[PDB]
Structures are given as structure tokens and as C-alpha cells.
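Q: Read in the deposited numbering, the sequence shown has 82 at position 82, and its numbers run on one by one without any break.
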Amino acid sequence: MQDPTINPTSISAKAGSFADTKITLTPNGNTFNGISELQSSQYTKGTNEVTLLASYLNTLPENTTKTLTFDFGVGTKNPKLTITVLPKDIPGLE
Numbered sequence: 001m002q003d004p005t006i007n008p009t010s011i012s013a014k015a016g017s018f019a020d021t022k023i024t025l026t027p028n029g030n031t032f033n034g035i036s037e038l039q040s041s042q043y044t045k046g047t048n049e050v051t052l053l054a055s056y057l058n059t060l061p062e063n064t065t066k067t068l069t070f071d072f073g074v075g076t077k078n079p080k081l082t083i084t085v086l087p088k089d090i091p092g093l094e
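#1: Name, in chain order, the residues that DSSP records as bridge partners for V50.
#2: Mapping the DSSP letters down to three states, classify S55 as helix, strand or coil.
#3: Count the CB pairs spanning the segment 53-69 and the segment 28-42 that are closer than 8 Å, and state whether there are at least three.
#4: Per the DSSP calculation, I35 is bridged to which residue(s)?
#5: I'd like to know whether the C-beta atoms of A13 and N58 end up nearer to each other than 8 Å.
#6: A15 bridges to which residues according to DSSP?
#7: Quick test of your reading: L52 and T21, contact by CB under 8 Å. State the CB separation rounded to the nearest angstrom.
#8: The beta strand (DSSP E) that contains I83, what's its start and end?
#9: Using a Cβ-Cβ cut-off of 8 Å (strictly less than) and excluding sequence neighbours within five positions of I11, which residues of its own chain qualify?
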């Protein structure tokens with residue numbers, strides 16, 4: 001039951017097209033521990049902010065639905081960043 005404001009809750013891209021991306025974790029009234037879904041090593045947190053490394057994201061298997069579950073002490077509804085990793089060539093019909 002906190003009021004943490006961080007990156008969205010879902011994204012989609014090919015597994016690999018996920019270049020190092022630094023997210024913003026607004027702690028204006030909340031705290032962040034880490035994203036277990038991806039044993040922090042997957043990313044590089046920075047108190048109030050956290051960036052993910054294309055290494056982890058790119059590592060993710062086929063069309064996997066990765067969820068950056070930022071543990072803000074309120075996992076109940078904590079800001080989950082459901083990132084879609086699709087290394088397989090299929091989507092992208094611009």
C-alpha cells in the first residue's frame with residue numbers, strides 16, 4: 001500500500017533489442033530493494049533508479065514475458081515491468 005512511481009508496467013521487444021536501459025524509481029515516499037524476477041545481477045540498480053543490461057534481457061529465451069518486479073516493499077501491487085523478450089524473427093510489421 002505504497003505510492004512508488006517508477007517506469008511503466010509492460011513493454012515489448014526482441015530479446016536483444018533491449019540495450020542498457022536506465023529506469024526511474026520515484027521513492028518520493030517509497031523504497032526499493034530489488035527485482036527478484038531478475039536477480040539484480042541482471043540489472044544495475046541505483047537507489048531511486050535502476051537500469052537493466054541488454055545482457056540479461058538479451059539472454060532471455062524466446063518470446064518470454066519478463067517482469068521487472070521492482071520490490072518496493074509492496075509486492076502486492078508493486079510496479080511490475082512486464083517486458084516481452086522475442087529474439088525470434090516474426091513481429092515488427094511496421
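Ideal placement from N, C-alpha and C gives every residue a C-beta, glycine not left out.
A: This is what the structure holds:
#1: DSSP lists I23 and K45 as partners of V50.
#2: Of the three classes helix, strand and coil, the one that applies to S55 here is helix, per DSSP.
#3: Contact between the segment 53-69 and the segment 28-42 is present, because at least three Cβ pairs lie under 8 Å.
#4: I35 is bridged to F70.
#5: Taking 8 Å as the Cβ cut-off, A13 and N58 do not qualify as a contacting pair.
#6: The beta-bridge partner set that DSSP reports for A15 is empty.
#7: In this structure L52 touches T21 by the C-beta definition: roughly 5 Å separates them, less than 8 Å.
#8: DSSP places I83 inside the beta strand (DSSP E), whose first and last residues are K80 to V85.
#9: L81, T82, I83 and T84.
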